[PDB]
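Take a look at this single chain, the form solved without the ligand, given in structure tokens.
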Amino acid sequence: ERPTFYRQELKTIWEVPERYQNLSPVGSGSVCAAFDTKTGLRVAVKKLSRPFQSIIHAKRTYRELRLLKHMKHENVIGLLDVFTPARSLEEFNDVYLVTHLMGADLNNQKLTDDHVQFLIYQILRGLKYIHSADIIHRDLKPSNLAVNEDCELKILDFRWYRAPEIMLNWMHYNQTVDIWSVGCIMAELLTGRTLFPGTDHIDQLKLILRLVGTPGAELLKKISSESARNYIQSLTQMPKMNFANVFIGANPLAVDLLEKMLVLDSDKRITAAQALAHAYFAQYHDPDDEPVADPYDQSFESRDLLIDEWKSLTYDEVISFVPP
């Protein structure tokens, strides 16, 4: 059946099932932290802002709901509930999404090696899943990575951490753009400092190239633009520096993994599935507890529909929702 809803203000009117109590705002969609009386869980309740204002809003609402419904993995945030106070598609105007309320993010002495292993392991386990659905995160960074008390980690809400192929204007994009971001995060966890703290995208690329080397002829054979090639080969030619000398006293397997992640050529960068099997994660690696996702149908992405059709498609997904 339909739950009983109650309304309150705090500055839109929120109308939510009565199982969610003690709503207290935590950002502006806009999000309230709440107590889920059914489960005794702390939850985030996000009320989408203007979800069907235009074709672009409606499709983004649909894309967000579809993605969250698909994600079913310990290290990836999924959907705990989705509701609307509307009793039919005609009154359907508001969408609310409920997810685990996570404490800290990774913006956060420094960490021990065992604890860096554990956190990166979790990130890679989550990424293996996401990537197996043919999803690329694209913007992994310490603030999209949430942790509870026991520092169990979940990947959230999908330029110091972005792959250089993106900051150059190359478009040979692997899912390993996310593996670059993990490499930068791991380095920051290991040393306490941002690995590539660029002021603009140019400054950033300079710092990157200083560490990894200027592109080799083999990667240069992959650049289709004359100016682009001209640009890279115009830059002062930097040798690959030694990673050990940047990561002093780091566990040497950490350094070895880093050298595999922080590779300029994306086709040569270690993948998530491969990183998990690397000796650095020995103590956590379980190849039978690193599950993959069902295939994820993003064909909708290329479709040009009407607001009312994206809306109805969204309503179909709300109705058909089943809790974990």
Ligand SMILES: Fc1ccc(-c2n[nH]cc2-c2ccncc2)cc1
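Between two forms, the rigid core is the largest collection of C-alphas that superpose within 1.5 Å. The numbering used is simple: start at 1 and walk along the sequence shown.
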item: Extent of unmodelled deposited sequence, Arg159 relative to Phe158; value: 10 or more
item: Residues of the deposited sequence left unbuilt between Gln109 and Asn108; value: 4 to 9
item: Stretch exceeding the other in mean C-alpha B-factor - 203-211, 177-185; value: 203-211
item: Stretch with the higher entry mean CA B-factor, where the candidates are 1-9 and 315-323; value: 1-9
item: Residue with highest C-alpha B-factor in the PDB entry, from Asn245, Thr99, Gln117, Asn75; value: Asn245
item: Per the PDB entry, maximal CA B factor within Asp134, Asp139, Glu218, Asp81; value: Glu218
item: Lowest, middle or highest third - CA B-factor, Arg125; value: lowest
item: Chain-relative CA temperature factor third for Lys154; value: lowest
item: Assigned third (lowest, middle, highest) for the C-alpha B factor of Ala163; value: middle
item: Modelled-residue ranking by C-alpha temperature factor, third containing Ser30; value: highest
item: Relative C-alpha B-factor of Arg63, binned into the chain's lowest, middle or highest third; value: lowest
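This protein has a second form, the form solved in complex with the ligand, left out of what is shown; the following refers to that one.
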property: Pocket open vs blocked [the ligand transferred in the deposited complex by site C-alpha superposition; 2.4 Å, backbone or C-beta, 3 atoms]; result: blocked
property: Residue (of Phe83, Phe92, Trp170, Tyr161) lying close to the ligand in the deposited complex, criterion heavy atoms within 4.5 Å; result: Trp170
property: In the deposited complex, the one of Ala254, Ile232, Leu195, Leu211 near the ligand [non-hydrogen atom within 4.5 angstroms]; result: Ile232
property: Any non-hydrogen atom of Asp265 within 4.5 angstroms of the ligand in the deposited complex; result: yes
property: Close approach of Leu219 to the ligand in the deposited complex, 4.5 Å, heavy atom; result: yes
property: 4.5 Å heavy atom contact, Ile223 to the ligand in the deposited complex; result: yes
property: Options 115-123, 237-245, 181-189, 211-219; stretch whose heavy atom lies within 4.5 Å of the ligand in the deposited complex; result: 211-219
property: Option from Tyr96, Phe118, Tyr129, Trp170 moving between this form and the one not shown, CA shift at or above 2 Å, rigid core reference; result: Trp170
property: Rigid core superposed: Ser225 CA moves 2 Å or more between this form and the one not shown; result: yes
